[PDB]
>>> print(open('structure38.txt').read())   # compact mmCIF, C-alpha atoms and all ligand atoms
# COMPACT_ATOMS: atom_id res chain seq x y z
CA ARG A 1 11.44 0.15 26.20
CA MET A 2 12.26 -1.66 22.93
CA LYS A 3 8.56 -2.36 22.34
CA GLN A 4 7.76 1.30 22.93
CA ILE A 5 10.32 2.30 20.27
CA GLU A 6 9.02 -0.40 17.89
CA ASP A 7 5.45 0.84 18.32
CA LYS A 8 6.50 4.44 17.55
CA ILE A 9 8.32 3.28 14.45
CA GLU A 10 5.17 1.43 13.34
CA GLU A 11 3.16 4.61 13.80
CA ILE A 12 5.64 6.69 11.79
CA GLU A 13 5.71 4.06 9.05
CA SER A 14 1.94 3.95 8.88
CA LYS A 15 1.76 7.72 8.53
CA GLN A 16 4.52 7.71 5.92
CA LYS A 17 2.46 5.27 3.86
CA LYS A 18 -0.55 7.60 4.09
CA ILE A 19 1.64 10.52 2.99
CA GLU A 20 2.95 8.60 -0.01
CA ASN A 21 -0.61 7.79 -0.99
CA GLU A 22 -1.62 11.45 -0.72
CA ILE A 23 1.31 12.54 -2.80
CA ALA A 24 0.35 10.23 -5.63
CA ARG A 25 -3.18 11.64 -5.59
CA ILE A 26 -1.82 15.20 -5.66
CA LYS A 27 0.40 14.35 -8.59
CA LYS A 28 -2.50 12.92 -10.55
CA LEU A 29 -4.69 15.97 -9.95
CA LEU A 30 -1.81 18.26 -10.80
CA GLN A 31 -1.45 16.40 -14.12
CA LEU A 32 -5.16 16.97 -14.83
CA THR A 33 -4.83 20.69 -14.16
CA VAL A 34 -1.88 20.82 -16.56
CA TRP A 35 -4.08 19.09 -19.14
CA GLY A 36 -6.85 21.67 -18.55
CA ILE A 37 -4.58 24.67 -18.94
CA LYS A 38 -3.06 23.12 -22.09
CA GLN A 39 -6.50 22.33 -23.53
CA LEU A 40 -7.76 25.86 -22.72
CA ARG A 41 -4.83 27.63 -24.29
CA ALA A 42 -4.99 25.39 -27.42
CA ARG A 43 -8.79 25.49 -27.88
CA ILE A 44 -9.00 29.26 -27.37
CA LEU A 45 -5.67 30.78 -28.42
CA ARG B 1 22.17 4.11 22.65
CA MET B 2 18.42 4.11 23.41
CA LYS B 3 18.47 7.90 23.82
CA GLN B 4 20.24 8.25 20.49
CA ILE B 5 17.49 6.20 18.80
CA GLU B 6 14.78 8.17 20.64
CA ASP B 7 16.30 11.47 19.50
CA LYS B 8 16.39 10.29 15.86
CA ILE B 9 12.78 9.23 16.08
CA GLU B 10 11.88 12.68 17.45
CA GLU B 11 13.66 14.29 14.51
CA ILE B 12 11.85 12.10 11.98
CA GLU B 13 8.51 12.79 13.68
CA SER B 14 9.14 16.51 13.65
CA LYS B 15 9.93 16.45 9.94
CA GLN B 16 6.90 14.27 9.24
CA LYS B 17 4.72 16.90 10.90
CA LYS B 18 6.25 19.59 8.68
CA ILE B 19 5.59 17.43 5.62
CA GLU B 20 1.95 16.91 6.58
CA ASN B 21 1.58 20.64 6.99
CA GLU B 22 3.10 21.27 3.55
CA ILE B 23 0.84 18.73 1.95
CA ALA B 24 -2.27 20.43 3.29
CA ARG B 25 -1.07 23.74 1.88
CA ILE B 26 -0.40 22.13 -1.50
CA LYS B 27 -3.85 20.62 -1.53
CA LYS B 28 -5.47 23.96 -0.80
CA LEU B 29 -3.56 25.72 -3.58
CA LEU B 30 -4.32 22.89 -5.96
CA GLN B 31 -8.03 23.35 -5.17
CA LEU B 32 -7.73 27.07 -6.00
CA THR B 33 -6.11 26.30 -9.34
CA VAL B 34 -8.94 23.89 -10.12
CA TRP B 35 -11.38 26.69 -9.29
CA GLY B 36 -9.49 29.07 -11.63
CA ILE B 37 -9.48 26.68 -14.56
CA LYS B 38 -13.19 25.95 -14.00
CA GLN B 39 -14.03 29.65 -13.74
CA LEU B 40 -11.98 30.43 -16.90
CA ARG B 41 -13.57 27.74 -18.99
CA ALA B 42 -17.10 28.70 -17.80
CA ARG B 43 -16.68 32.49 -18.11
CA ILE B 44 -15.08 32.28 -21.55
CA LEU B 45 -16.34 29.11 -23.25
CA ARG C 1 17.69 -5.99 18.03
CA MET C 2 19.21 -2.49 18.18
CA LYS C 3 20.67 -2.93 14.69
CA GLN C 4 17.28 -4.02 13.39
CA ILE C 5 15.71 -0.83 14.79
CA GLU C 6 18.56 1.28 13.40
CA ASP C 7 18.13 -0.25 9.95
CA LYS C 8 14.37 0.48 9.99
CA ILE C 9 15.05 4.06 10.99
CA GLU C 10 17.51 4.37 8.09
CA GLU C 11 14.85 3.08 5.71
CA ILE C 12 12.24 5.54 7.01
CA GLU C 13 14.74 8.40 6.79
CA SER C 14 15.65 7.48 3.24
CA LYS C 15 12.00 7.45 2.21
CA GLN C 16 11.37 10.73 4.02
CA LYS C 17 14.14 12.31 1.96
CA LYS C 18 12.52 11.04 -1.24
CA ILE C 19 9.18 12.47 -0.11
CA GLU C 20 10.71 15.87 0.60
CA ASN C 21 12.24 15.85 -2.85
CA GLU C 22 8.89 14.99 -4.45
CA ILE C 23 7.15 17.73 -2.54
CA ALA C 24 9.56 20.35 -3.83
CA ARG C 25 8.93 19.18 -7.39
CA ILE C 26 5.17 19.34 -6.85
CA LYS C 27 5.46 22.84 -5.49
CA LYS C 28 7.44 24.00 -8.49
CA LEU C 29 4.94 22.54 -10.96
CA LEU C 30 2.07 23.99 -8.99
CA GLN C 31 3.74 27.42 -9.27
CA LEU C 32 3.96 26.98 -13.05
CA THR C 33 0.28 26.12 -13.29
CA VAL C 34 -0.54 29.25 -11.28
CA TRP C 35 1.56 31.23 -13.75
CA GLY C 36 -0.34 29.65 -16.68
CA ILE C 37 -3.76 30.42 -15.28
CA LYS C 38 -2.65 33.99 -14.49
CA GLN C 39 -1.17 34.45 -17.97
CA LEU C 40 -4.33 33.01 -19.61
CA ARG C 41 -6.72 35.21 -17.69
CA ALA C 42 -4.57 38.33 -18.34
CA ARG C 43 -3.86 37.67 -22.03
CA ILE C 44 -7.48 36.81 -22.83
CA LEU C 45 -9.70 38.65 -20.34
CL CL D 1 6.82 10.45 6.36
CL CL D 2 -2.81 23.14 -10.40
>>> encode(input="structure38.txt", output="structure tokens")
Amino acid sequence: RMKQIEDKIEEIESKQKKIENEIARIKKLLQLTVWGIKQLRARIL
Amino acid sequence: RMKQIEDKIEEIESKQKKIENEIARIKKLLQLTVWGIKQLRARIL
Amino acid sequence: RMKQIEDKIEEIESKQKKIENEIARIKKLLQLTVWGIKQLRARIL
């Protein structure tokens, strides 16, 4: 039963790592969209 | 004590599923904002 | 061994809380970028 719990924890940890990786990618893209809106407003208006 | 650990794991798993769902929604909206910035720049500039 | 499992669960929970916090911040910034694209399109076009 302990091994079953340990395996489930490993699975949750692995997925948490994937989620953290996704979040960093989202943050980077979000920063690029901020840049684009800022560049648009400045270059046009 | 094992049941207490198993219940906590279930709670963490449930919340992880909610987080994954939120992340997909964020990604989709982020893709729409990219589209909007791209469409703006192309249609105007 | 139970304490080791309980400590790992605490670590995963702590990181899950940080992730939830990050997600809320991403959502708020994403809402601001939506506002900016909407304001741009309306003010210009
Ligand atoms: Cl997670
Ligand atoms: Cl965006």
>>> residues_near_point(input="structure38.txt", point="(-11.1, 37.7, -23.0)", cutoff="7 Å", atoms="all atoms listed in the file", output="JSON, numbers by chain")
{"B": [44], "C": [44, 45]}
>>> residues_around(input="structure38.txt", residues="residue 12 (chain B)", least_positions_apart="6", cutoff="10 Å", atoms="only C-alpha atoms", output="ChimeraX atom specification")
/A:9,12 /B:6,18 /C:9,12-13,16
>>> write_last_selection(input="structure38.txt", atoms="C-alpha atoms", output="compact mmCIF listing (two decimals), keeping the file's coordinate frame")
# COMPACT_ATOMS: atom_id res chain seq x y z
CA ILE A 9 8.32 3.28 14.45
CA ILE A 12 5.64 6.69 11.79
CA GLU B 6 14.78 8.17 20.64
CA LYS B 18 6.25 19.59 8.68
CA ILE C 9 15.05 4.06 10.99
CA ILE C 12 12.24 5.54 7.01
CA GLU C 13 14.74 8.40 6.79
CA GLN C 16 11.37 10.73 4.02
>>> closest_residue(input="structure38.txt", among="A:26, A:34, A:19, A:42", to="ligand CL 1 (chain D)", atoms="only C-alpha atoms and all ligand atoms")
A:19
>>> calpha_fit_and_write(input="structure38.txt", fixed="chain B", moving="chain A", output="PDB file with C-alpha atoms, in the coordinates of the input")
ATOM      1  CA  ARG A   1      22.172   4.110  22.644  1.00  0.00           C
ATOM      2  CA  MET A   2      18.424   4.112  23.412  1.00  0.00           C
ATOM      3  CA  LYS A   3      18.466   7.901  23.826  1.00  0.00           C
ATOM      4  CA  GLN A   4      20.240   8.258  20.493  1.00  0.00           C
ATOM      5  CA  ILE A   5      17.495   6.203  18.799  1.00  0.00           C
ATOM      6  CA  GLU A   6      14.777   8.172  20.637  1.00  0.00           C
ATOM      7  CA  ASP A   7      16.301  11.469  19.507  1.00  0.00           C
ATOM      8  CA  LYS A   8      16.391  10.295  15.865  1.00  0.00           C
ATOM      9  CA  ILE A   9      12.773   9.231  16.084  1.00  0.00           C
ATOM     10  CA  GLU A  10      11.882  12.683  17.452  1.00  0.00           C
ATOM     11  CA  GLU A  11      13.657  14.288  14.513  1.00  0.00           C
ATOM     12  CA  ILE A  12      11.845  12.091  11.980  1.00  0.00           C
ATOM     13  CA  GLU A  13       8.517  12.788  13.673  1.00  0.00           C
ATOM     14  CA  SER A  14       9.136  16.512  13.648  1.00  0.00           C
ATOM     15  CA  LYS A  15       9.931  16.442   9.942  1.00  0.00           C
ATOM     16  CA  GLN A  16       6.900  14.267   9.231  1.00  0.00           C
ATOM     17  CA  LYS A  17       4.718  16.892  10.901  1.00  0.00           C
ATOM     18  CA  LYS A  18       6.249  19.590   8.683  1.00  0.00           C
ATOM     19  CA  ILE A  19       5.590  17.426   5.614  1.00  0.00           C
ATOM     20  CA  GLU A  20       1.957  16.904   6.579  1.00  0.00           C
ATOM     21  CA  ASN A  21       1.574  20.643   6.984  1.00  0.00           C
ATOM     22  CA  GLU A  22       3.094  21.269   3.551  1.00  0.00           C
ATOM     23  CA  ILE A  23       0.837  18.731   1.952  1.00  0.00           C
ATOM     24  CA  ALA A  24      -2.262  20.424   3.291  1.00  0.00           C
ATOM     25  CA  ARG A  25      -1.062  23.745   1.883  1.00  0.00           C
ATOM     26  CA  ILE A  26      -0.397  22.133  -1.506  1.00  0.00           C
ATOM     27  CA  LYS A  27      -3.853  20.619  -1.523  1.00  0.00           C
ATOM     28  CA  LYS A  28      -5.470  23.960  -0.805  1.00  0.00           C
ATOM     29  CA  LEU A  29      -3.564  25.724  -3.582  1.00  0.00           C
ATOM     30  CA  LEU A  30      -4.318  22.889  -5.960  1.00  0.00           C
ATOM     31  CA  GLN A  31      -8.028  23.353  -5.169  1.00  0.00           C
ATOM     32  CA  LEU A  32      -7.731  27.069  -6.003  1.00  0.00           C
ATOM     33  CA  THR A  33      -6.107  26.302  -9.345  1.00  0.00           C
ATOM     34  CA  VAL A  34      -8.944  23.888 -10.124  1.00  0.00           C
ATOM     35  CA  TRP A  35     -11.377  26.694  -9.289  1.00  0.00           C
ATOM     36  CA  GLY A  36      -9.490  29.065 -11.634  1.00  0.00           C
ATOM     37  CA  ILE A  37      -9.480  26.675 -14.565  1.00  0.00           C
ATOM     38  CA  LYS A  38     -13.192  25.947 -13.994  1.00  0.00           C
ATOM     39  CA  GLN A  39     -14.024  29.658 -13.742  1.00  0.00           C
ATOM     40  CA  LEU A  40     -11.983  30.432 -16.895  1.00  0.00           C
ATOM     41  CA  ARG A  41     -13.570  27.735 -18.991  1.00  0.00           C
ATOM     42  CA  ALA A  42     -17.101  28.701 -17.792  1.00  0.00           C
ATOM     43  CA  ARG A  43     -16.685  32.495 -18.104  1.00  0.00           C
ATOM     44  CA  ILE A  44     -15.081  32.283 -21.554  1.00  0.00           C
ATOM     45  CA  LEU A  45     -16.340  29.112 -23.247  1.00  0.00           C
TER      46      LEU A  45
END
>>> residues_around(input="structure38.txt", residues="residue 30 (chain A)", least_positions_apart="3", cutoff="9 Å", atoms="all atoms listed in the file", output="list in words")
residues 25, 26, 27, 33, 34 and 35 of chain A; 30 of chain B; 26, 29, 30 and 33 of chain C
>>> atom_distance(input="structure38.txt", atom1="CA of residue 31 (chain C)", atom2="CA of residue 41 (chain B)")
19.9 Å
>>> closest_residue(input="structure38.txt", among="A:28, A:8, A:43, A:15", to="ligand CL 1 (chain D)", atoms="all atoms listed in the file")
A:15
>>> atom_distance(input="structure38.txt", atom1="CA of residue 1 (chain A)", atom2="CA of residue 4 (chain B)")
13.3 Å
>>> closest_residue(input="structure38.txt", among="B:40, B:5, B:32, B:23", to="ligand CL 2 (chain D)", atoms="all atoms listed in the file")
B:32
>>> atom_distance(input="structure38.txt", atom1="CA of residue 38 (chain C)", atom2="CA of residue 24 (chain C)")
21.2 Å
